[PDB]
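The structure under discussion appears below in the form of structure tokens.
Readers should treat all values here as calculations from the given coordinates under stated rules, not as data from a laboratory. Here the Cβ is made from the backbone with ideal geometry for all residues, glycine too, and neighbour counts use every protein chain on show.
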Amino acid sequence: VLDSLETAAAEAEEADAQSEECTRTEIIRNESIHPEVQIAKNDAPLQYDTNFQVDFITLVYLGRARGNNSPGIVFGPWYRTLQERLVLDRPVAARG
Amino acid sequence: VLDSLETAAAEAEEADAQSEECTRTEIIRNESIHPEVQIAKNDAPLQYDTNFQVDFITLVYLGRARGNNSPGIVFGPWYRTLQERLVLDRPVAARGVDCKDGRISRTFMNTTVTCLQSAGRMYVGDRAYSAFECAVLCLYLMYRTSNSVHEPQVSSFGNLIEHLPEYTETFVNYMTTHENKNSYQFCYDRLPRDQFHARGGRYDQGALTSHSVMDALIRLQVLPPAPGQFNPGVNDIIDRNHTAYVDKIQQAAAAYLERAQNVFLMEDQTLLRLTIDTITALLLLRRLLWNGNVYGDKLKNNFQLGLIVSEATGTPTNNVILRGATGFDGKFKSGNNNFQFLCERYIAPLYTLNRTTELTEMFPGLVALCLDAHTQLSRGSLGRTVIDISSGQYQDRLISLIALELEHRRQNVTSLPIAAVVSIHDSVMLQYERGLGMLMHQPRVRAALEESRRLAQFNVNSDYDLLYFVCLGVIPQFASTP
Amino acid sequence: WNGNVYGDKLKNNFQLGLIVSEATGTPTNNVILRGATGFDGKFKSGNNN
Amino acid sequence: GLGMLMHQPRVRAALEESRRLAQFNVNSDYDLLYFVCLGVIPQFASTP
Amino acid sequence: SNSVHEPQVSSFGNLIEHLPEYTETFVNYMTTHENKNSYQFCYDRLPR
Amino acid sequence: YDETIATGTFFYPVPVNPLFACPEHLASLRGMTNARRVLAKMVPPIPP
Amino acid sequence: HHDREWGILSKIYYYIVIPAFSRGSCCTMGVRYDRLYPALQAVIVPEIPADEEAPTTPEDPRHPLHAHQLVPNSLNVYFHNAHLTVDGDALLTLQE
């Protein structure tokens, strides 16, 4: 329990330090520079999302690994075509 | 040692909370400003500060002293009544939510802006933003084919945005009145739904029934592939059938849903509830711009140099020349020859490649006036001017976030059910939002709009009062009435 | 290259402003071009690659 | 495949007629950059 | 493009920003400059 | 003919009384296919 | 509250009259009171001066029966099918 509390405190202080340095960098910059992309005339380009999620997702998965139990949304029908192509000559199924 | 560690942890916690509050408050200030222009309208330019900037808009700035012309929105007498009743106010506007915290002035404008900004809010939300150009783009996206106009025709779009310096002046000088013309309009072909997907299978109530491959497999000795064997079919290309009847509904059903969620513990409802509450005001927005004309009044006219005929020709904002009042007395804008002729030698090489409106001046005032009634329904669920519980949403959200973060820091869920909530939400997201989106899309107050003559509910009910109300605009409440 | 004239949603996408106005505001930049135009009649063809 | 993705049909015909977008259905060349940048195009399946 | 048309513009530095009169003259000359690419590709076999 | 009333305002399938049968709301709200409609006609939906 | 006579009378009324009249395709459905809680607390007070007489002419913005005070909400949009001459007594009863 003491070791878990120590690791939680360490990660909390690391996150606080990261937030503090990010805010300090933002203060130094004259304006809040954010990614933009848009193909038109001089209109307002769309705003992307902040690229700070790897640490959060790693922490949220380390704090809960035996749970989950969700279907999961796939990205296109690539799995079925891949399985069909694999099963022709040398089937390997999913394996993982 | 443990007591010292806990006290140090608490002091560090409050120190970083204070630092975060200070950074959040310091991010708000921008101070960008823009250089001088070639005299807005025809009698009052836009110079530094707000001294001569409201020279022609003094009649509205007299009742707008609350915001001091610095990025602020002031509504009509209803907002004055809300400010008076703030002691027991029903909505969340002003008063700093509850007595735990909250401020006035700038913080009120910030929270009003963040109430409208719901799609993206993670450590950066910005302030003094305009959302009228996007609305116009969305409206004209489907209006290019429906048309249904009286007599003016227009199909070009590049020149509609090329003259941005004059377009901004037209927006700030013409949209002071939320009323419009052309009577009937579609205003319901958008229907913005929510992007979600769960389970899978085949589209219901479609034009296809498992296509023909499944039927061919069933009628032959092929059978569906085994889940544990993955055996495909090779006999589907042997008979050499004479094509089939395919459909392109799968591409439309796929849509485009790959955005992230700016909230903890997955899911996405904080922005969804705000968006579905805001979309309920579409009927009121459509009702607010059916019937209305601008003709001028003695009270409105206080300092004019060349706008003698402007009150009779409609809404020129420069001269109108001969167009504008072709139909009855003035409607819409069509034809720009003298404007560009003067711009080519007067205002061309000083302000060409810029953006509409600003964020440090009264430029968003035109959007604020048009959204006088649109933002009124954003608090109540059905959009009623009665008592409702819509002020503790932010407090509940922050309490839930604090509870979740402390549970993550101390505990590890375990006994707390986390799979059942996700499983039920997977269907709730696609079941609860579609019904509300398809609930109502067409108001039925067409006859009462021109029969009741109650559109002048912000002031006294009379002919002259209605005339000056529809000529000026929202008629903000006067000052000297705390 | 593209440059299939200025049009509407019926040409390629012309739907860049879907969720643009969420946390953007009114960004501004420098001035390069000059002059201004006006809208009249119905457009037909063009070249703005 | 890098060389095989482009052939005699143009960038529009080869994507709307050659079933190049069957796996990932997206808009025309204007949104092609967004499709190839964001990637991970979803579908109507989420496994049993 | 070239200036001088029905509207009396007589511009001195605006030669491409004005849409109507410059476009109506420049659209009749760049229509033959459209690029085209066409080459065949075959899978053949995988060596080594 | 009730085109002015949206389907799904205060309607959702909650079959609890076998004494009442309405094989129209299910086919009008959820948009069930012909196979589902014929299955419901053959056997009423009984919650296990 | 009361004895069982009214209860059994209501039970036999519900178990005979309703099934007898359900010769078509009517069936039980569900309510949406949870979403309709902030919907029925609507009160419209006509603008009438104190100690003043309300004209009976059919052309005036003080006639709840007519369309001169038609605030859409849901009641006045269902009024087209449920036309009913009502006054402020029902509104105050609903408010109380």
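Placing +1 on the Cβ of every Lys and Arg and -1 on the Cβ of every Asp and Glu, with nothing else charged, gives chain A a dipole about its Cα centre of roughly 920 debye. Between B:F186 and E:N35, the modelled label-to-label distance comes to 3.6 nm, taking each label 7 Å out from Cα in the direction of the beta carbon. Within the stretch B:246-274, list the residues whose amide N lies under 12 Å from a label point set 7 Å along Cα→Cβ of B:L208. In the stretch B:246-274, the label zone of B:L208 (backbone N under 12 Å from the point 7 Å along Cα→Cβ) covers B:246-254. Charged side chains reduced to their Cβ positions (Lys and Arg at +1, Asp and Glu at -1) give the stretch B:395-482 a dipole of some 120 debye around its Cα centre.
In chain B, a dipole from Cβ-located charges (positive for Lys and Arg, negative for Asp and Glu) runs towards its positive end, and of B:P71, B:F332, B:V222 it is B:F332 whose Cα lies farthest in that direction.
Membrane-span-like helices in chain B: DSSP H runs reaching 24 Å or more (Cα, own axis), mean Kyte hydropathy at least -1.0? Within chain B the helices that satisfy the rule are B:2-28, B:393-410, B:419-437.
Simple spin-label estimate for E:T25 and G:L36 gives 7.0 nm between the two label positions (7 Å along the Cα-to-Cβ direction from each Cα). Give the residue from A:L2, A:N42, A:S32 lying farthest towards the positive end of the charge dipole for chain A; charges sit on Cβ (+1 for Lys and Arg, -1 for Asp and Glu) and the dipole is referred to the Cα centre. Positive-end residue among those listed: A:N42.
Taking K and R as +1 and D and E as -1, what net charge do the other residues with C-beta under 11 Å from the C-beta of B:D329 add up to?
+1
The stretch G:2-20 and the stretch G:50-96 have Cα centres spaced 37 Å apart.
Please report the net charge: other residues with Cβ closer than 14 Å to the Cβ of G:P38, K and R +1, D and E -1. Around G:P38, the charge tally is +3. B:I347 sits among other residues whose Cβ lies under 14 Å from its own Cβ, and their net charge, with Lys and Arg +1 and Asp and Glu -1, is -3. The spacing between chain D and the stretch B:434-480, judged by their C-alpha centroids, is 49 Å. Checking the cross-link pairs B:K41/B:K298; B:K333/E:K36; A:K41/B:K181; B:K181/B:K300; B:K41/C:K11; B:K248/E:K36 against a 31 Å limit on the alpha carbon distance flags B:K333/E:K36; B:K41/C:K11 as lying beyond it. Round to a whole angstrom and tell me the spacing of the C-alpha centers of the stretch B:239-274 and the stretch B:91-111. If we compute the Cα centre of each part, the gap is 39 Å.
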